[PDB]
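Derivation of every value follows stated rules applied to the coordinates shown; laboratory data play no part. Don't worry about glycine lacking a Cβ; one is built from the backbone with ideal geometry, like all the others, and counts go over all protein chains shown.
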Amino acid sequence: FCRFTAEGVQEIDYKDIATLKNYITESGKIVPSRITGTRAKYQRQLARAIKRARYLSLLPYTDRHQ
Amino acid sequence: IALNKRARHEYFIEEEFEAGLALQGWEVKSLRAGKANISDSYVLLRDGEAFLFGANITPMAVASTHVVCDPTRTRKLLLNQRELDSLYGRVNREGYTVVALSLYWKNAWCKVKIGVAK
Amino acid sequence: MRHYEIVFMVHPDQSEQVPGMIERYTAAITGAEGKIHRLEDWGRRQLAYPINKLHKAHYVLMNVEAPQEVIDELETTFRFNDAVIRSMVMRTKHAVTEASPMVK
Amino acid sequence: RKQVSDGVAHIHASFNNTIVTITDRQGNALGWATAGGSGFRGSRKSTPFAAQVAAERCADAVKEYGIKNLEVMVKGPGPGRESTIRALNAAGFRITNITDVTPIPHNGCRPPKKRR
Amino acid sequence: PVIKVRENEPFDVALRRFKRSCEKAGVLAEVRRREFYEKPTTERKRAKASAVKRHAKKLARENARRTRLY
RNA sequence: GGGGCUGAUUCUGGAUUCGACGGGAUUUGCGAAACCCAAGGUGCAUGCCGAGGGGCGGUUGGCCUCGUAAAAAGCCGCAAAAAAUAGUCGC
RNA sequence: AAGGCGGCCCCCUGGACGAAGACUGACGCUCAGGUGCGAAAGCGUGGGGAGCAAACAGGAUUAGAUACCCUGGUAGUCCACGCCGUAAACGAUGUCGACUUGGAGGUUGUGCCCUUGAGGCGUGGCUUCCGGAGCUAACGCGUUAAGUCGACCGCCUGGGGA
Ligand SMILES: [Mg+2]
Ligand SMILES: [Mg+2]
Ligand SMILES: [Mg+2]
Ligand SMILES: [Mg+2]
Ligand SMILES: [Mg+2]
Ligand SMILES: [Mg+2]
Ligand SMILES: [Mg+2]
Ligand SMILES: [Mg+2]
Ligand SMILES: [Mg+2]
Ligand SMILES: [Mg+2]
Ligand SMILES: [Mg+2]
Ligand SMILES: [Mg+2]
Ligand SMILES: [Mg+2]
Ligand SMILES: [Mg+2]
Ligand SMILES: [Mg+2]
Ligand SMILES: [Mg+2]
Ligand SMILES: [Mg+2]
């Protein structure tokens, strides 16, 4: 039930920060495909989007850090 | 009309109650579209009296995607004060898997015939 | 050419120099006979973490088609311009036209 | 002295010893007490009872600044991750945040060799 | 794992919530895993042995339950 | 530039999402805190006091009981979909 | 291709695979000698040097302990140039190619069909597990063969001595 195959999105943007906040977790980590259910290709493009947002400080590296 | 294809590969059903939801008329222009879902229609019954979970509101989205009715809505079911004590005692211990069997009408609402799939 | 995508953050006290950055980088791109497709000022935004002891930042997005020499000139002027803290230049295959997902 | 209101707790539970340190909000450590000083040495101080009586010694140490609020930052693995803040509940200052500040490197410096 | 307290929530409940949250977010597991340097061959070999036992139990429960035993 | 198609139920029509979850209301029939009412059933007794209890914590301002000093009742989380503990031996 | 490769971005760049077409028309395969790449440790020159850490010192346990365990700690690890050419360099399985019952998944395309919702019907490539006839000394390998074959190359002839 991968939402990327359920909404047909071709290339995952890295600025839909709410839809990336769905796939980061309470500490700032990345929830794996065993918990979401994403196909692995969109999981890797998701991980690249999370890394670009984390470098751009849209998302946090860790929920603790300051 | 609709049908789910998650457990459509999977098992059959032991119990039938005429437990339809009272789905509101904020979604008539997506009801008469054709894009079917009764997806992930697992219902859990509790002190909230048969909350269904996560009803995907038909992403045709003619209402400019802000609020059609809900992104995902929880809703209850139309059964007796005795049938929702029987099914209450049946459901409220184990986290069961129930599902709708169709999506049709009796000229007023979208009728759901529920059932547990062991 | 290519389709470079430049998104960069500016120091919040230098937020009124930023339209000058828009004009100067637009002119330094268009002078090389190279197009420029979309351009947004997101405004100030609170950060997830303090970048260089600083908690608000001014986001600017643009999507450029330009040759690689003037893109790298833009990159070294980003590195030697003090007002910009971070700046990402990502090479995309296709040039965009539409609106960003954050502005809506 | 300066009888401040809020404090922060620091529980550095490690694999052998468990240290409790009430600091202020700003960073100055007001008082502290250790499970190794609280009446043990060697084998005993890697048990959470030692951590809870360390927190009791620390409650003695700062039952005079007027501490009426206290957020707890636990750190590290080991015995006194839970029973230390159980003892701080027994001491009775109010707890708002229970945060975990364990230093997790993102594959940084090489850890030492594996003990045979 | 910064966890607040909420009003009308006793501290045994708040500490249980912090406990389960830190446990599933993986602080204890990761400090025990990053204490000593598990050499890269032992990393790959422990991963292969874990995958073998994972697949072996998840196949062998059917391969043992396909009959009667009582 | 007019006409037909979406005011969903061939309209002289009565819930019919049988009964949802919460209603403002009425005859019926049965609890004493639903009740006028006994000494109508029944006597060392009564209303209001105070205080304590399942490996651990929480919960009934109350389930149970007691009177110049400390005891027995009803319910939840405490991992079972991959998981928690040990120096000394040479021939 | 093998060694190997793990945050993100740019520049240069090789290879694979898929689709409909088009094209050259045996241009193919293997390869002694020959060459190139070849983990780690090691060496040379010059930098760096936080962690870790052979050598070394101290503490213990011990009968002794030149070891495990503890406290330190220099080479080295690292960067650029080179040199060495070795590993249980492992799938202990040379390359290429053909044919031979199936199932379970993963991965990456792609055709069609109403993608009528997160489907369904096929074809490719790559990849892990179970297993059939066959084979095998047995274990087991089993359409990625250790099956049935073909082409070319390498290598072995008892254990030590080596
Ligand atoms: Mg150590
Ligand atoms: Mg002898
Ligand atoms: Mg020809
Ligand atoms: Mg040769
Ligand atoms: Mg080397
Ligand atoms: Mg050297
Ligand atoms: Mg030497
Ligand atoms: Mg040197
Ligand atoms: Mg040093
Ligand atoms: Mg050799
Ligand atoms: Mg190897
Ligand atoms: Mg190998
Ligand atoms: Mg060999
Ligand atoms: Mg043979
Ligand atoms: Mg086999
Ligand atoms: Mg053969
Ligand atoms: Mg053989």
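The table that follows gives values for the structure above.
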| item | result |
| --- | --- |
| Every pair of residues 6+ apart whose Cβ atoms lie under 8 Å, when the first sits in segment E:30-51 and is free of Cβ contacts under 8 Å to residues at least 40 places away in the same chain while the second is in a loop (DSSP other than H, G, I, E, B) and within 16 Å of RNA strand F (Cβ to nearest atom) | E:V31/D:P77; E:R32/D:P77; E:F36/D:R115 |
| Scope segment E:28-59; condition surrounded by 10 or more Cβ atoms within 10 Å (Cβ to Cβ), of a type outside the set (K, R) and more than 16 Å from RNA strand F (Cβ to nearest atom); matching residues | E:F36, E:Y37, E:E38, E:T42, E:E43 |
| Qualifying positions in segment B:24-56 - aromatic (F, W, Y) and away from RNA strand F (no atom under 13 Å from the Cβ) | B:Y42, B:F53 |
| Test for D:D6: is it surrounded by 15 or more Cβ atoms within 10 Å (Cβ to Cβ), in contact with a strand residue (DSSP E or B) (Cβ under 9 Å, 6 or more places away or on another chain) and over 16 Å from D:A91 (Cβ atoms) | no |
| Of residues in segment E:29-57 being more than 11 Å from RNA strand G (Cβ to nearest atom), farther than 14 Å from D:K113 by Cα and of a type outside the set (D, E, K, R), the one nearest to the other protein chains (Cβ to nearest Cβ) | E:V31 |
| Given (1) more than 26 Å from A:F1 (Cα to Cα); (2) in contact with a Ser or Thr (Cβ under 8 Å, 6 or more places away or on another chain), index of the condition B:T58 fails | (1) |
| Residue list for segment C:12-56, restricted to those being closer than 23 Å to A:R54 by Cα and under 13 Å from the mean Cα position of the chain (by Cα) | C:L39, C:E40, C:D41, C:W42, C:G43 |
| Of residues in segment D:87-116 being at the interface with chain E (Cβ under 7 Å from one of its Cβ atoms) and more than 30 Å from E:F36 (Cα to Cα), the one nearest to RNA strand F (Cβ to nearest atom) | D:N89 |
| Qualifying residues in segment B:17-57 (those that are exposed (fewer than 15 other Cβ atoms within 10 Å of the Cβ) and touching a residue at least 60 places away in the same chain (Cβ under 8 Å)) - the one farthest from B:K76 (Cα to Cα) | B:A36 |
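Okay, residues lined up against (1) among the polar types (S, T, N, Q); (2) within 13 Å of RNA strand F (Cβ to nearest atom); (3) part of a loop (DSSP other than H, G, I, E, B):
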residue	(1), (2), (3)
B:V67	no, no, yes
B:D70	no, no, yes
B:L84	no, yes, no
B:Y88	no, yes, no
B:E94	no, yes, yes
